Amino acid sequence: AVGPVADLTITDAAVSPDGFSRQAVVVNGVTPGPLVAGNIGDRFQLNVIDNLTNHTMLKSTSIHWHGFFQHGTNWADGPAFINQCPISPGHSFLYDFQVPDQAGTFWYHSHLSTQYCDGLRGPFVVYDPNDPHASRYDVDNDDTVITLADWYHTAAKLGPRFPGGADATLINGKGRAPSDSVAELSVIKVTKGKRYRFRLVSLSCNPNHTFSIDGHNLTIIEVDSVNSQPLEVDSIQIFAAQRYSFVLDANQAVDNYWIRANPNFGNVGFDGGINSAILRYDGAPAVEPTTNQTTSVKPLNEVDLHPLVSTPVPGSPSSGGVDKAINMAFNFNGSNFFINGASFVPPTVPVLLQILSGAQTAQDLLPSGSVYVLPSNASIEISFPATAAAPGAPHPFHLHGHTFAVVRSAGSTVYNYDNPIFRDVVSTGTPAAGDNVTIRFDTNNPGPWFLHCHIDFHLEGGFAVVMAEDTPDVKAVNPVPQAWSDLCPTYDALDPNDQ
């Protein structure tokens, strides 16, 4: 792991995670990027060095630290043209923030256009020396992070606008495509008799994955950085950008067991060892598993997840029993997505910079129709009714700057105002099911926060809005460093081909 104080150098480089060589955006020479780690309470000073030279994958960059509240450091949140102008090539930019009140599994990724699909993404763990789940496991380290990524042979700006699946699912940076049946698989080592806290992070740009491990059950103890009660499952459907910690007890026979991550579309299944990695017990031969997948009899259901500690749902136990309720009506016209009639187009002046320059109302803030001003210290309910008008479901939505209660989950008609899980990325389900996924949060974090589909190609097509929270306190609460103030003039000074 690198961090909490570290350089992250961004370059273009040839990679071959599935035996197919292609130029990609890499972090400290690798994609997925290295694990960044620290402890609860730490100040992170992540110096992002932009040494990119390839305009097609973008020479500029901006990095989001996914899941962190960024209270008082909204300028460091990442979304290009919401919280900063991008970092320019040949420049560095210091993200400097604290994590006083969170611990769990996170990740970092480019939040500029579709650049994270081209490889700028990696895991991020904040450890708790007093973790309430510590007694459930023996090992929790760099080697118990499991990343899932969709991998494309054609670059994000060069392929279809909305790809119909990846060429390969990568598990810990490796996996197979049909073009190379013998590409090196990832191996995750376990010692028989030891218990492992596996931190499963979806770095996916698009597909979700149904994760399971042959012959082993899993005990979920964390959901998007929120400690949960232990939930035993035998498979996990994980959506783009979500995280789970699960405990695996390595108490089976010394052997090789298939790790499976089946995408919802693309090359589905396991022919030739695609969508697979290897769980290898110390002492097992260095060969492929020959284990068989068994039917999931205890799949994860989100409604079965509950916080480990008592966590009150904002507002009052009835539909709309909050200070402010907002419904998000989805539309799509073939190239662009819309929320409540507006397709998001990034403004010239980042939303935070607009607020710093005086714009405090929806009327003054750009882009018009995409910014929702929220009152301070208020309960907010947002519903995302699934509709056929918005193809590419299930759409996992992410709210920046907050965790939220999932009062109603996908595939459920129940509203849980008592003990629902809190998380930061939620599937908005499908119209076939009549889904109306509904979340609640409190506004105790002044700043503009992006709320968007985390299928990166959909974000790109405008599937996003901004929650402009407590605009009158934003400037005072979020003092910006000189380096941040320098970003926009430097970016705006660039030749378009240097962007």
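A residue's number is simply how far along the shown sequence it sits, counting from 1.
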Between 248-256 and 233-241, name whichever shows the higher mean Cα B factor according to the PDB entry.
248-256
Taking the deposited Cα B-factors and averaging over 185-193 and over 113-121, the higher mean is found in 185-193
Return the residue from 106, 338, 198, 137 that has the highest Cα B-factor in the entry.
137
Taking the values straight from the PDB record, which of 222, 424, 150, 282 has the highest C-alpha temperature factor?
282
Chain third (lowest, middle, highest) by recorded CA B-factor, residue given as residue 323:
highest
Against its chain's modelled residues, does residue 60's Cα B factor rank lowest, middle or highest third?
lowest
Going by what the PDB entry lists, where does residue 48 fall on CA B-factor within its chain: lowest, middle or highest third?
lowest
Residue 347 - Cα temperature factor, lowest/middle/highest third of chain:
middle
Entry-reported Cα temperature factor of residue 178, expressed as the chain third it lands in
highest
